[PDB]
Amino acid sequence: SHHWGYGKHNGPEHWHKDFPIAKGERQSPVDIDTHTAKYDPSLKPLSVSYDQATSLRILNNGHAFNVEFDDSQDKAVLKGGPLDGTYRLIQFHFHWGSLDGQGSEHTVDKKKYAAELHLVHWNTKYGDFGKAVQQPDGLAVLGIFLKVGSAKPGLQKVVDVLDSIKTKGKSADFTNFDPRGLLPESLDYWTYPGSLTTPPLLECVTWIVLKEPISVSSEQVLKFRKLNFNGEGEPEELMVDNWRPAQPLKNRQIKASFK
Ligand SMILES: NS(=O)(=O)c1ccc(C(=O)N2CCNC[C@H]2Cc2ccccc2)cc1
Ligand SMILES: [Zn+2]
């Protein structure tokens with residue numbers, strides 16, 4: 001069953017055949033032209049409240065790995081910035097490259113980073129994640145670039161469990177992980193209305209992309225690249241280059257929180 005992925009035969013240039021919204025008016029990711037983005041002095045500071053976050057599990061889903069959270073209560077929430085109301089953290093995942101020069105989905109003045117972290121949150125006025133993805137303001141995804149340099153100490157607990165979820169469908173218990181250890185110092189951001197960056201490509205996301213990248217070590221990102229897209233006992237296909245390239249901005253303005 002020829003399903004979507006990141007290969008020559010099923011990659012992003014093919015997705016529009018099953019998911020015609022792939023060619024829609026508010027697709028993600030996009031290039032962030034830093035000179036064209038306008039400072040919006042009316043944006044509020046972001047509020048990232050992750051002190052009571054409850055991580056549960058880590059899953060290799062065949063496209064990335066997800067660190068999943070208990071989102072049955074307001075434990076880890078994103079508020080403020082461009083957002084109206086309360087968005088609950090459900091999971092985070094990454095997109096990364098085969099080489100340090102590529103891997104991010106968003107670009108900054110056409111610069112590709114080695115990877116991009118997505119902290120996915122849903123608007124609690126819609127009651128569940130599945131209902132939120134049907135709404136134009138359903139999700140808020142906090143995007144953080146990764147560059148290769150110094151290790152990120154707060155990432156290592158993730159890196160060290162990846163050996164236990166090498167292949168598609170594998171999960172492992174992943175309790176007491178603190179996603180505050182993945183944040184940069186500054187919460188300066190760009191924001192624009194967009195989409196999921198994988199099928200079904202629904203146009204339900206407020207994107208909030210932090211200016212300041214986090215640094216990870218070469219050894220940390222090499223461990224991402226040992227994961228597999230394939231199931232156990234299938235021919236090995238390394239989980240690399242699981243990123244969608246930049247899509248046309250169309251009738252959108254990227255707003256900056258900062259001068
Ligand atoms: N890269 S992204 O943050 O836009 C993002 C976030 C979540 C999802 C997601 O998990 N989806 C999309 C919404 N329906 C459920 C599920 C389906 C899915 C499962 C695994 C991989 C990709 C998509 C996909 C992309
Ligand atoms: Zn993502």
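Just so you know, the numbers here start at 1 and follow the chain as drawn.
Recorded method is X-ray crystallography, 1.3 Å.
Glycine is treated like the rest: Cβ placed from N, Cα and C.
Among the candidates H118, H121, the one that Swiss-Prot lists alongside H93, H95 as binding Zn(2+) is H118. Noted from Swiss-Prot: of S98, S171, the annotation phosphoserine belongs to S171. Looking up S42, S47, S164, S218 in Swiss-Prot shows the phosphoserine annotation sitting on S164.
Under the DSSP three-state reduction, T198 (substrate binding site) is assigned to coil, being neither helix nor strand. The Cβ of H93 (Zn(2+) binding site) lies under 8 Å from the Cβ of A64, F65, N66, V67, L117, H118, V120, each of these being in the same chain and 6 or more residues away along the sequence. The recorded positions near ligand 1, defined by a Cβ under 6 Å from one of its atoms, do not include any of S1, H93, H95, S164, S171. Between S1 (N-acetylserine) and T198 (substrate binding site), the C-alpha separation comes to 18 Å.
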